[PDB]
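The structure under discussion appears below in the form of structure tokens.
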Amino acid sequence: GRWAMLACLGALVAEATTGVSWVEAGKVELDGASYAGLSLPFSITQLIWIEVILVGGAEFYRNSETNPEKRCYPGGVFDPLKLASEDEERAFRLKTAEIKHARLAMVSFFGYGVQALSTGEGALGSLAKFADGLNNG
Amino acid sequence: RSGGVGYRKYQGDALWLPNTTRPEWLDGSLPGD
Amino acid sequence: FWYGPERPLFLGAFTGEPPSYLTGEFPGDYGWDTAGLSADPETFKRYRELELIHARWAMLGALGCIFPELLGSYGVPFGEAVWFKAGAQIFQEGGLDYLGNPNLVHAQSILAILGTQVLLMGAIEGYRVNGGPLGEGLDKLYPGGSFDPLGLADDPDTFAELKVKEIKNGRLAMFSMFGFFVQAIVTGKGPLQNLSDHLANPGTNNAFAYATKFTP
Amino acid sequence: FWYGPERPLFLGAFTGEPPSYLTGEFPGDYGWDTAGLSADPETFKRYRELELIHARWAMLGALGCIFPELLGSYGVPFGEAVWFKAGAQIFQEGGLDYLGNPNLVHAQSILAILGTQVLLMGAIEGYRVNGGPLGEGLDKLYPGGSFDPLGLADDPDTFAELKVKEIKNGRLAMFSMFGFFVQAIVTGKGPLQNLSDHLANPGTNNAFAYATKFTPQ
Amino acid sequence: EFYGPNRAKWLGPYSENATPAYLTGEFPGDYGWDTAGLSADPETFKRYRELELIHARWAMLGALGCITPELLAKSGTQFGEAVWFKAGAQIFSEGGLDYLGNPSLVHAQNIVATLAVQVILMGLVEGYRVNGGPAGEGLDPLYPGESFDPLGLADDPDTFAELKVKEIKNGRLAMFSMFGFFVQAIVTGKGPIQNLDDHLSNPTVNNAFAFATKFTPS
Amino acid sequence: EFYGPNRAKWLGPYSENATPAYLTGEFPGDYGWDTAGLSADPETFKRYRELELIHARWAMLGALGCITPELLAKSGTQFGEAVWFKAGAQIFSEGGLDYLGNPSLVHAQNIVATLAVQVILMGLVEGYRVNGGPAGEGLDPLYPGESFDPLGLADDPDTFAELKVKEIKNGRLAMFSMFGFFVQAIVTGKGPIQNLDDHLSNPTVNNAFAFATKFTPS
Ligand code: CHL
Ligand code: CHL
Ligand code: CHL
Ligand code: CHL
Ligand code: CHL
Ligand SMILES: CC1=C[C@H](O)CC(C)(C)[C@H]1/C=C/C(C)=C/C=C/C(C)=C/C=C/C=C(C)/C=C/C=C(C)/C=C/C1=C(C)C[C@H](O)CC1(C)C
Ligand SMILES: CC1=C[C@H](O)CC(C)(C)[C@H]1/C=C/C(C)=C/C=C/C(C)=C/C=C/C=C(C)/C=C/C=C(C)/C=C/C1=C(C)C[C@H](O)CC1(C)C
């Protein structure tokens with residue numbers, strides 16, 4: 001869930017500025033590393049070694065906790081605001097808000113990819129195609 | 001002060017059908033249940 | 001007001017008519033069983049179910065036929081705007097279009113539309129008998145449950161007269177809905193055309209305008 | 001510092017005498033009822049019910065006037081970025097494109113807009129009086145419940161000053177909208193458009209230039 | 001019915017829970033609604049009870065008074081400017097005015113003199129209404145009675161109490177509708193029948209949204 | 001007279017029963033008239049006595065200040081602007097706002113500096129009117145004392161009570177006449193003596209019905 005809703009929002013904000021859909025985000029930075037229209041010095045070979053080393057250790061440290069509840073909701077440093085750390089009823093409806101935003105995210109991202117397999121169009125470009133004929137016809 | 005109008009309390013747990021029962025291995029301790 | 005013994009009946013100011021088995025604790029009881037169809041009270045229970053399902057299907061049936069000439073004459077380009085020629089929209093090459101827009105549903109053939117249609121109402125009309133995932137042990141006519149979210153069915157005296165407002169809105173709906181079949185076969189155009197026709201000439205656009213239409 | 005007799009009042013250090021029925025108990029108590037409207041202890045409740053709903057409906061309003069015209073200056077092609085011209089966008093053939101984008105909301109029937117608003121606002125202001133599936137028997141102004149998910153209103157001590165910050169931000173926003181209606185009738189321009197013209201030349205683009213605007217004959 | 005706790009309300013069942021303690025259902029028209037709360041002073045509320053009925057009876061006179069030129073000008077009878085916000089301006093014509101169609105009628109010509117008749121007639125009646133005189137001296141200022149009710153409709157108290165509520169509901173429609181009549185004439189610029197002459201033909205466009213851009217400045 | 005229960009009232013002989021009982025005649029201007037019932041609460045009525053008196057004391061200054069640059073303009077001395085409701089506009093002229101026609105006089109130029117000293121010192125007095133300051137601390141917020149009475153006139157408390165009624169009556173004239181001035185100036189567009197001289201010219205056409213159709217809708 002947490003990867004999905006972090007990606008569904010990223011599939012739109014990246015498009016809403018650049019105009020490059022998330023489907024075709026590959027080739028357009030295979031030639032030049034850009035972000036918000038600003039260039040970046042990394043080769044794509046450099047990007048993979050930076051990616052595997054950095055997000056490796058996060059996925060190793062996430063596998064270091066032994067409590068099956070604390071593997072889900074660790075808190076601690078990851079809750080600086082201390083929202084769901086106390087007041088267990090108030091923390092509970094926070095948790096129901098994350099899973100509903102998790103379940104809605106995964107379906108929405110499985111929404112993007114299937115209609116990107118048929119149309120070949122991205123998140124918002126395949127939205128405008130539906131509103132293209134719906135408005136005129 | 002309150003008044004129950006415009007809605008219904010339903011006295012229930014809001015399952016994924018309007019009237020079925022809960023499977024045994026699922027208990028309401030988790031938030032997503 | 002529409003219950004009890006001292007209620008107004010179908011003859012209005014008359015009181016010697018009803019066939020003495022009914023008492024008037026059920027919505028719309030005027031005693032109008034002059035031909036005596038339901039003197040068996042067990043038989044009389046089966047009609048009260050059978051009238052209400054006739055009442056509810058004809059209320060949405062009437063609303064399901066006013067709009068395509070209401071919208072179509074007022075700027076909505078349908079595929080075809082008349083309710084008793086509406087079934088021919090599937091016959092065309094482009095199929096039928098919801099609100100005249102082809103990138104909608106865009107159904108083409110008949111081998112799949114009624115294939116799924118008889119199965120959906122094969123279950124939920126059978127769920128009305130018993131079972132059904134919305135409620136198992138409930139009333140067969142007015143169950144409540146997740147069919148009444150608004151909670152308007154709670155004040156039972158007020159609930160009993162909404163039932164009166166459910167049948168009176170429905171008895172004139174069924175009486176109207178039979179009137180839709182008659183004037184369509186005689187004249188041949190949709191009803192709001194016939195509204196525009198009668199307000200054009202009130203005297204002679206009547207039923208006598210085509211009383212010689214079925215002459216042998 | 002905010003409650004009791006050692007609170008600030010509307011005249012400050014030279015305040016002298018406030019009205020008698022303002023004891024330093026409720027938020028926004030600066031003792032400014034010089035015309036004495038609310039000497040009744042029952043009616044004074046009804047205005048505190050009515051000042052705050054005006055206050056909350058005006059704080060969210062100010063980001064509906066400033067905020068579309070502000071985004072229009074930074075590269076968003078709105079239909080009408082000026083807020084008092086925003087209603088006329090539904091009568092053009094492009095329709096009410098949200099953020100100037102055609103594949104968003106795209107309203108066409110103006111009578112269908114408020115045709116569903118009344119069914120919602122009727123059911124949603126009637127919940128504020130009583131009932132409602134959110135909070136059944138609760139406070140008429142500060143229910144918490146699930147209107148306060150984060151829990152910034154837990155202890156009763158800190159909760160008093162957040163009520164003070166709600167109404168001082170609130171009265172400040174209501175001051176700007178007796179403003180916002182005047183500066184649109186007078187100038188015919190957006191509010192930040194008047195702010196952009198005042199920073200260019202303040203001594204000439206002030207309100208004394210428009211002092212003869214309503215001249216008779 | 002219409003009195004006590006089981007009476008009609010303002011928001012239906014939504015205002016049933018919150019209702020003021022001084023609004024209980026004693027007087028006609030207590031739908032239980034004082035969202036400003038300004039009537040908790042009861043003798044002040046007594047004055048607004050007076051001001052409501054007085055503003056309703058003078059409403060119901062002018063209620064039909066603003067339509068009777070309009071539907072009768074088109075029904076055949078000749079009128080000169082049968083539009084109520086301009087039908088008072090007809091006295092500037094040198095032919096004066098008609099009462100229906102003729103100068104052989106009342107036939108007002110000069111307006112300076114007709115106010116001198118006008119002010120002195122309500123100089124007494126409004127003083128008679130508040131104090132008394134030839135039409136009674138000491139009755140109810142809101143329901144005096146026998147000097148203006150000879151016909152006996154105000155006799156049975158179970159009927160008369162319903163006739164109280166029938167009086168102001170016909171007036172609360174009247175106070176509301178002429179608040180329309182002012183605004184529907186300022187915005188469009190024609191009589192309300194002639195507004196309805198636009199709304200019966202084309203209901204969709206000819207309404208108040210067609211003139212929504214009228215007052216915006218530049 | 002003008003005190004006691006036997007005082008004379010707002011309808012004279014048609015008002016001896018409509019008077020609310022708390023209206024006695026112990027205040028200057030108590031004429032038995034609370035017909036809307038706005039001030040049944042006496043402490044609330046205490047604040048409206050201040051709102052009547054301060055509106056009276058600003059209107060009496062406001063009446064004469066619209067007069068003296070208009071009649072004396074006809075005394076042979078030009079005043080730059082002779083009309084009162086555009087008399088503020090003469091500060092933007094070539095010589096600015098001269099006090100009278102001499103440029104060796106006051107000769108106001110900068111509109112911002114006029115408002116600058118104005119709004120800072122008016123806040124002191126209108127704040128010193130609340131608490132106190134130089135002119136006393138614990139006096140009456142309506143009638144302080146001999147600090148504002150340099151001529152010894154605030155003695156003889158029966159004559160001083162007579163001068164209180166003559167203080168508000170001359171105010172209620174001035175509040176009503178300032179109420180006249182703004183209306184006829186947004187109809188006709190002339191000063192009230194310039195309106196008077198033309199009613200002095202031809203009284204028949206120059207009644208209030210001269211522009212009754214001026215604000216008609218279309
Ligand atoms: C006191 C006078 C009074 C009378 C006589 C009636 C009588 C009637 N009411 Mg009643 N009412 C009366 C007062 C009141 N009613 C009602 C409320 C109601 C309701 C809600 C209903 C009735 C209905 C009826 C009808 C019941 C019998 C029937 O269905 O006939 C039907 C048979 C006929 C009318 C015979 C038709 C005669 C026609 C001339 C034949 C035409 C010949 C053809 C043209 C030839 C065919 C040619 C072919 C070959 C092509 C009947 C018309 C019912 C009704 O009208 O349903 C349709 C109904 O639903 N009444 C109220 C308010 C409480 C009243 C107030 O006092
Ligand atoms: C109540 C008995 C009654 C019957 C049975 C008829 C039947 C007839 N009318 Mg007549 N009418 C009746 C009363 C009245 N009619 C009229 C005015 C007219 C006009 C203006 C016309 C007719 C015509 C007709 C004929 C049908 C059309 C046709 O082509 O015939 C051939 C078909 C048949 C003979 C089939 C017979 C009908 C079938 C058996 C079903 C009927 C069942 C029962 C009558 C019950 C039906 C419900 C009842 C309760 C109304 C037929 C002679 C039309 C005509 O003459 O055209 C040729 C025509 O133009 N009628 C008035 C008004 C004064 C009536 C007053 O009650
Ligand atoms: C000791 C000095 C002091 C003074 C003089 C004031 C005075 C005021 N404070 Mg206070 N305060 C002072 C100290 C303090 N105040 C506050 C906190 C507050 C708050 C939160 C508020 C006030 C408000 C007020 C106002 C109360 C009455 C009013 O609304 O006047 C209004 C009327 C005038 C000022 C006079 C007329 C207006 C204008 C200047 C006339 C100019 C003429 C036009 C140019 C003519 C236009 C032409 C034609 C077309 C008409 C008034 C401006 C209230 C306020 O802001 O009201 C808007 C208010 O909400 N004060 C604090 C912090 C503790 C203070 C600290 O010492
Ligand atoms: C409730 C708040 C509200 C207000 C104050 C306005 C007012 C406005 N609308 Mg809007 N609308 C509002 C909500 C809504 N409008 C619309 C639909 C439209 C359309 C289609 C149009 C407008 C237009 C306008 C503008 C008219 C120009 C003007 O007034 O001249 C200048 C004068 C002022 C701005 C003074 C305004 C102050 C106001 C009169 C006093 C505030 C108190 C109000 C009486 C309270 C509002 C109603 C109450 C009873 C709740 C102006 C911004 C027109 C437009 O934008 O074209 C340029 C237009 O075409 N509105 C809908 C959907 C039904 C709304 C939802 O409630
Ligand atoms: C018995 C005769 C008598 C009459 C008729 C009056 C009349 C009045 N006295 Mg009284 N008095 C009378 C005797 C006496 N008074 C007084 C001493 C006083 C004083 C000191 C005062 C009064 C005042 C009043 C007024 C209080 C009520 C009001 O506000 O009017 C409201 C109703 C009207 C004015 C009539 C309605 C006007 C008309 C219909 C409008 C014109 C329409 C236009 C053509 C267009 C309208 C615009 C449209 C388009 C929207 C009232 C006009 C007060 C006052 O001066 O008020 C002005 C006041 O201060 N009287 C004395 C000496 C003791 C009297 C002796 O008998
Ligand atoms: C206290 C006291 C004291 C003393 O003693 C006495 C006295 C003086 C009387 C008093 C005072 C009072 C006052 C001051 C008052 C004021 C108020 C206000 C101003 C409000 C606002 C208020 C305001 C308000 C509500 C407002 C609101 C607004 C809104 C919603 C808006 C909306 C919108 C938007 C978003 C924009 C777009 O485009 C559209 C629209 C839709 C339009
Ligand atoms: C209750 C309450 C409560 C809460 O708490 C608060 C609040 C909200 C404040 C409140 C409310 C209120 C209201 C709504 C009010 C309204 C009123 C009105 C509208 C009146 C009218 C009123 C109106 C009116 C009088 C009117 C009248 C009219 C008239 C006579 C007319 C006359 C005429 C005529 C014959 C015709 C000719 O050709 C001319 C003329 C001359 C034109």
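Convention: chains lettered A, B, ... in structure tokens order; per-chain residue numbering from 1; ligands numbered from 1 as shown.
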Open item on the list: Once chain F is fitted to chain E on all Cα atoms paired one-to-one in order, how large is the remaining RMSD?
Closed with: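 Root-mean-square deviation of the C-alpha atoms: 0.8 Å.
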- [ ] Considering only C-alpha atoms, return as a PyMOL selection string whatever protein or nucleic-acid residues lie within 9 Å of region 90-93 of chain F, sequence-local ones (same chain, fewer than 3 positions apart) excluded.
- [x] chain F and resi 80-81+86-87+96-98+107-111
Task: Atomic separation - CA of residue 92 (chain D) relative to CA of residue 75 (chain D), Å - done: 21.4 Å
TODO: Write out as a PyMOL selection string each polymer residue whose atoms come within 12 Å of region 144-146 of chain C, counting only C-alpha atoms; drop sequence neighbours fewer than 3 positions from it.
DONE: (chain B and resi 7-12+14+17-19) or (chain C and resi 132-141+149-154+159)
Those residues with N, CA and C atoms, as a compact mmCIF listing (two decimals), in the first residue's frame please?
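The resulting part_19.txt:
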# COMPACT_ATOMS: atom_id res chain seq x y z
N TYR B 7 -30.63 8.99 8.82
CA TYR B 7 -29.70 7.88 8.78
C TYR B 7 -30.24 6.77 9.67
N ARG B 8 -29.48 5.68 9.76
CA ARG B 8 -29.82 4.54 10.59
C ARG B 8 -28.54 4.02 11.23
N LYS B 9 -28.64 3.54 12.46
CA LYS B 9 -27.45 3.10 13.17
C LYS B 9 -26.98 1.71 12.75
N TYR B 10 -27.92 0.81 12.43
CA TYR B 10 -27.74 -0.54 11.89
C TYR B 10 -27.15 -1.56 12.86
N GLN B 11 -26.65 -1.11 14.02
CA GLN B 11 -26.21 -1.96 15.14
C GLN B 11 -25.16 -2.99 14.75
N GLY B 12 -24.37 -2.71 13.71
CA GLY B 12 -23.53 -3.74 13.14
C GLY B 12 -22.07 -3.38 12.95
N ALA B 14 -20.48 -3.44 9.55
CA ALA B 14 -20.25 -2.98 8.17
C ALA B 14 -19.36 -3.94 7.38
N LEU B 17 -20.65 -7.47 2.60
CA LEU B 17 -22.03 -7.58 2.19
C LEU B 17 -22.91 -6.84 3.18
N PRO B 18 -24.12 -6.43 2.78
CA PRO B 18 -25.04 -5.87 3.77
C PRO B 18 -25.52 -6.88 4.79
N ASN B 19 -25.61 -8.17 4.44
CA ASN B 19 -25.90 -9.18 5.46
C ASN B 19 -25.22 -10.48 5.06
N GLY C 132 -30.49 -14.04 -0.28
CA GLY C 132 -30.00 -12.75 -0.67
C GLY C 132 -29.03 -12.19 0.34
N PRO C 133 -27.91 -11.65 -0.14
CA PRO C 133 -26.88 -11.15 0.76
C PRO C 133 -27.21 -9.83 1.43
N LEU C 134 -28.38 -9.24 1.19
CA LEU C 134 -28.76 -8.03 1.89
C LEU C 134 -29.60 -8.31 3.13
N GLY C 135 -30.31 -9.43 3.16
CA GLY C 135 -31.03 -9.81 4.36
C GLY C 135 -31.75 -11.13 4.19
N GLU C 136 -31.62 -12.03 5.16
CA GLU C 136 -32.21 -13.36 5.01
C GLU C 136 -33.60 -13.42 5.62
N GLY C 137 -33.70 -13.22 6.93
CA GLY C 137 -35.01 -13.25 7.56
C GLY C 137 -35.59 -11.86 7.67
N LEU C 138 -36.42 -11.48 6.70
CA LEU C 138 -37.03 -10.16 6.67
C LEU C 138 -38.44 -10.27 6.13
N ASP C 139 -39.15 -9.15 6.18
CA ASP C 139 -40.46 -9.05 5.55
C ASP C 139 -40.33 -9.10 4.04
N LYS C 140 -41.28 -9.76 3.39
CA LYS C 140 -41.22 -9.94 1.94
C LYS C 140 -41.62 -8.69 1.18
N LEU C 141 -42.31 -7.75 1.82
CA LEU C 141 -42.76 -6.54 1.16
C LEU C 141 -41.99 -5.31 1.60
N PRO C 149 -31.78 3.31 3.85
CA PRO C 149 -30.72 3.97 4.61
C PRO C 149 -31.20 5.19 5.37
N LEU C 150 -32.18 5.92 4.83
CA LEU C 150 -32.54 7.23 5.35
C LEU C 150 -33.27 7.18 6.69
N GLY C 151 -33.78 6.01 7.08
CA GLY C 151 -34.48 5.92 8.34
C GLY C 151 -35.86 6.53 8.34
N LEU C 152 -36.45 6.74 7.16
CA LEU C 152 -37.80 7.27 7.09
C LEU C 152 -38.86 6.23 7.40
N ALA C 153 -38.50 4.95 7.42
CA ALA C 153 -39.42 3.87 7.71
C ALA C 153 -39.52 3.55 9.19
N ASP C 154 -39.15 4.49 10.06
CA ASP C 154 -39.03 4.19 11.48
C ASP C 154 -40.26 4.59 12.29
N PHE C 159 -44.77 5.74 8.86
CA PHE C 159 -44.41 4.70 7.90
C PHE C 159 -45.64 4.08 7.25
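Summary of the local environment: counting only C-alpha atoms, residues at most 12 Å from residue 89 (chain A), other than itself and those fewer than 2 positions away along its chain, are residues 83, 84, 85, 86, 87, 91, 92, 93, 94, 95 and 96 of chain A; 31 of chain B; 145, 146, 149, 150 and 151 of chain D.
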TODO: Please identify the residues whose atoms come within 10 Å of ligand 3, using only C-alpha atoms and all ligand atoms, and report them as a VMD selection string.
DONE: (chain D and resid 2 7 to 15 28 to 34 167 to 168 171 to 172 175 207 to 208 211 to 212 214) or (chain F and resid 88 115 118 to 128)
Restricting the output to N, CA, C and O atoms, write the selected residues as a compact mmCIF listing (two decimals), in the first residue's frame.
# COMPACT_ATOMS: atom_id res chain seq x y z
N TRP D 2 -5.22 35.93 28.95
CA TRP D 2 -6.36 36.01 28.05
C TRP D 2 -7.71 35.94 28.73
O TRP D 2 -8.70 36.40 28.15
N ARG D 7 -7.18 40.48 31.23
CA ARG D 7 -7.17 40.22 29.81
C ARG D 7 -7.05 41.53 29.06
O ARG D 7 -7.34 42.60 29.62
N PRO D 8 -6.59 41.52 27.81
CA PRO D 8 -6.61 42.76 27.04
C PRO D 8 -8.01 43.06 26.54
O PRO D 8 -8.84 42.16 26.35
N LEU D 9 -8.28 44.34 26.33
CA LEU D 9 -9.57 44.78 25.87
C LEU D 9 -9.39 45.59 24.58
O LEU D 9 -8.27 45.81 24.12
N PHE D 10 -10.51 46.03 24.00
CA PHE D 10 -10.49 46.62 22.66
C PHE D 10 -9.79 47.97 22.62
O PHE D 10 -9.47 48.45 21.53
N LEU D 11 -9.63 48.61 23.77
CA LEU D 11 -8.96 49.89 23.85
C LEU D 11 -7.60 49.75 24.52
O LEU D 11 -6.84 50.72 24.59
N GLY D 12 -7.26 48.56 24.99
CA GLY D 12 -5.89 48.27 25.36
C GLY D 12 -5.57 48.75 26.75
O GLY D 12 -6.31 48.47 27.69
N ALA D 13 -4.46 49.47 26.88
CA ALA D 13 -4.03 49.93 28.19
C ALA D 13 -4.89 51.07 28.71
O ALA D 13 -4.95 51.28 29.93
N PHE D 14 -5.56 51.80 27.83
CA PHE D 14 -6.39 52.93 28.22
C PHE D 14 -7.87 52.56 28.23
O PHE D 14 -8.72 53.40 27.93
N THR D 15 -8.19 51.31 28.57
CA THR D 15 -9.52 50.79 28.31
C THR D 15 -10.56 51.29 29.31
O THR D 15 -11.74 51.40 28.95
N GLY D 28 -12.24 35.44 22.32
CA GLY D 28 -12.49 36.71 21.67
C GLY D 28 -13.07 37.78 22.56
O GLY D 28 -13.74 38.69 22.06
N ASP D 29 -12.85 37.70 23.87
CA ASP D 29 -13.43 38.65 24.81
C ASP D 29 -12.49 39.83 24.96
O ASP D 29 -11.60 39.84 25.81
N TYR D 30 -12.69 40.84 24.13
CA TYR D 30 -12.00 42.11 24.26
C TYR D 30 -12.92 43.20 24.77
O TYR D 30 -12.56 44.38 24.69
N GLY D 31 -14.10 42.85 25.27
CA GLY D 31 -14.99 43.81 25.89
C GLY D 31 -15.52 44.88 24.96
O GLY D 31 -15.72 46.02 25.40
N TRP D 32 -15.73 44.56 23.69
CA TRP D 32 -16.16 45.57 22.72
C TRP D 32 -17.61 45.31 22.37
O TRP D 32 -17.94 44.70 21.35
N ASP D 33 -18.49 45.80 23.22
CA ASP D 33 -19.92 45.83 22.96
C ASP D 33 -20.47 47.18 23.40
O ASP D 33 -21.38 47.26 24.22
N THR D 34 -19.84 48.25 22.90
CA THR D 34 -20.12 49.60 23.36
C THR D 34 -21.56 50.03 23.07
O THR D 34 -22.11 50.87 23.79
N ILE D 167 -10.55 32.39 16.59
CA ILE D 167 -11.44 33.52 16.42
C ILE D 167 -10.67 34.79 16.07
O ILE D 167 -11.22 35.67 15.40
N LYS D 168 -9.40 34.89 16.44
CA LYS D 168 -8.62 36.06 16.06
C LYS D 168 -8.21 35.99 14.60
O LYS D 168 -8.26 37.00 13.89
N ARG D 171 -11.80 36.66 13.00
CA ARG D 171 -12.24 38.05 12.90
C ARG D 171 -11.39 38.84 11.92
O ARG D 171 -11.89 39.76 11.27
N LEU D 172 -10.11 38.47 11.79
CA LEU D 172 -9.24 39.09 10.81
C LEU D 172 -9.68 38.77 9.39
O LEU D 172 -9.55 39.62 8.50
N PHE D 175 -12.82 40.76 8.57
CA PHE D 175 -12.47 42.15 8.28
C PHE D 175 -12.10 42.33 6.82
O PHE D 175 -12.42 43.36 6.22
N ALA D 207 -6.67 54.72 -2.42
CA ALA D 207 -8.11 54.88 -2.55
C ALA D 207 -8.55 56.32 -2.73
O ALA D 207 -9.71 56.55 -3.11
N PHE D 208 -7.68 57.30 -2.49
CA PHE D 208 -8.07 58.69 -2.71
C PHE D 208 -8.15 59.05 -4.18
O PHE D 208 -8.72 60.09 -4.52
N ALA D 211 -11.81 58.63 -4.97
CA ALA D 211 -12.66 59.32 -4.01
C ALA D 211 -13.84 60.02 -4.68
O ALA D 211 -14.82 60.32 -4.00
N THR D 212 -13.77 60.26 -5.98
CA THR D 212 -14.83 60.94 -6.71
C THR D 212 -15.60 59.98 -7.61
O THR D 212 -16.22 60.40 -8.59
N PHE D 214 -18.24 57.96 -6.96
CA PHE D 214 -19.69 57.97 -6.80
C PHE D 214 -20.26 59.38 -6.84
O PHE D 214 -21.24 59.67 -6.14
N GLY F 88 -15.03 68.37 -0.03
CA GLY F 88 -13.79 67.68 0.26
C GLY F 88 -12.88 67.53 -0.93
O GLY F 88 -11.68 67.31 -0.77
N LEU F 115 -4.90 63.27 7.18
CA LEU F 115 -5.46 62.11 7.86
C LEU F 115 -4.53 61.55 8.91
O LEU F 115 -4.98 60.83 9.80
N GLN F 118 -4.94 63.46 12.16
CA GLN F 118 -6.36 63.37 12.50
C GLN F 118 -6.69 62.06 13.21
O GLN F 118 -7.32 62.07 14.27
N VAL F 119 -6.29 60.93 12.63
CA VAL F 119 -6.74 59.66 13.17
C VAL F 119 -5.98 59.29 14.44
O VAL F 119 -6.47 58.46 15.22
N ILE F 120 -4.85 59.92 14.72
CA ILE F 120 -4.11 59.57 15.92
C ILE F 120 -4.61 60.36 17.14
O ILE F 120 -4.56 59.84 18.25
N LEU F 121 -5.09 61.59 16.95
CA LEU F 121 -5.51 62.35 18.13
C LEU F 121 -6.99 62.18 18.41
O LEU F 121 -7.41 62.32 19.57
N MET F 122 -7.79 61.86 17.39
CA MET F 122 -9.19 61.53 17.61
C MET F 122 -9.34 60.23 18.38
O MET F 122 -10.33 60.05 19.10
N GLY F 123 -8.38 59.32 18.24
CA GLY F 123 -8.40 58.10 19.03
C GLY F 123 -8.14 58.34 20.50
O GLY F 123 -8.58 57.55 21.34
N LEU F 124 -7.40 59.40 20.83
CA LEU F 124 -7.18 59.73 22.23
C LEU F 124 -8.46 60.20 22.90
O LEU F 124 -8.89 59.62 23.90
N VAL F 125 -9.10 61.22 22.33
CA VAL F 125 -10.30 61.81 22.94
C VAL F 125 -11.45 60.81 22.97
O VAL F 125 -12.09 60.63 24.01
N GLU F 126 -11.68 60.10 21.87
CA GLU F 126 -12.72 59.07 21.83
C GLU F 126 -12.36 57.86 22.68
O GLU F 126 -13.23 57.04 22.98
N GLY F 127 -11.09 57.74 23.08
CA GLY F 127 -10.70 56.81 24.12
C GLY F 127 -10.69 57.46 25.49
O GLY F 127 -10.95 56.80 26.50
N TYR F 128 -10.40 58.77 25.55
CA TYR F 128 -10.50 59.48 26.82
C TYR F 128 -11.95 59.72 27.20
O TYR F 128 -12.24 59.92 28.38
Task: Residue among D:134, D:71, D:200, D:50 lying closest to ligand 7, counting only C-alpha atoms and all ligand atoms - done: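 Ranked by minimum distance to ligand 7, first place goes to D:50.
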Open item on the list: Around ligand 2, out to 10 Å and counting only C-alpha atoms and all ligand atoms, which residues are there? I want them as a ChimeraX atom specification.
Closed with: /C:207-216
Tell me which protein, DNA and RNA residues are within 10 Å of residue 44 (chain E), counting only C-alpha atoms, leaving out same-chain ones fewer than 6 positions away, and put them as a tab-separated table (two decimals) with N, CA, C and O atoms, in the first residue's frame.
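selection-v5.tsv was written with the following content:
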chain	number	residue	atom	x	y	z
E	38	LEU	N	-33.18	37.05	19.07
E	38	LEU	CA	-33.45	38.41	19.51
E	38	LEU	C	-34.82	38.58	20.15
E	38	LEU	O	-35.23	39.71	20.42
E	50	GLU	N	-46.58	41.91	17.18
E	50	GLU	CA	-47.37	42.98	16.60
E	50	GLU	C	-46.84	43.39	15.23
E	50	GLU	O	-47.59	43.46	14.27
F	35	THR	N	-42.30	52.23	20.07
F	35	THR	CA	-43.30	51.43	19.36
F	35	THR	C	-42.73	50.15	18.78
F	35	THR	O	-43.41	49.12	18.75
F	36	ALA	N	-41.48	50.18	18.31
F	36	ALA	CA	-40.84	48.94	17.89
F	36	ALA	C	-40.41	48.08	19.07
F	36	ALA	O	-40.23	46.87	18.92
F	37	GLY	N	-40.26	48.68	20.25
F	37	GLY	CA	-39.89	47.92	21.43
F	37	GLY	C	-38.45	47.50	21.48
F	37	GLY	O	-38.13	46.44	22.02
F	38	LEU	N	-37.54	48.32	20.93
F	38	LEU	CA	-36.15	47.92	20.82
F	38	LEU	C	-35.42	47.98	22.15
F	38	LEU	O	-34.41	47.29	22.32
F	39	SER	N	-35.90	48.77	23.10
F	39	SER	CA	-35.14	49.09	24.30
F	39	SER	C	-35.97	48.83	25.55
F	39	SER	O	-36.11	49.69	26.42
F	40	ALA	N	-36.57	47.64	25.62
F	40	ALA	CA	-37.24	47.25	26.86
F	40	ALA	C	-36.23	46.96	27.96
F	40	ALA	O	-36.53	47.17	29.14
F	41	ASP	N	-35.05	46.49	27.61
F	41	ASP	CA	-33.98	46.32	28.57
F	41	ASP	C	-33.40	47.69	28.91
F	41	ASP	O	-32.91	48.38	28.00
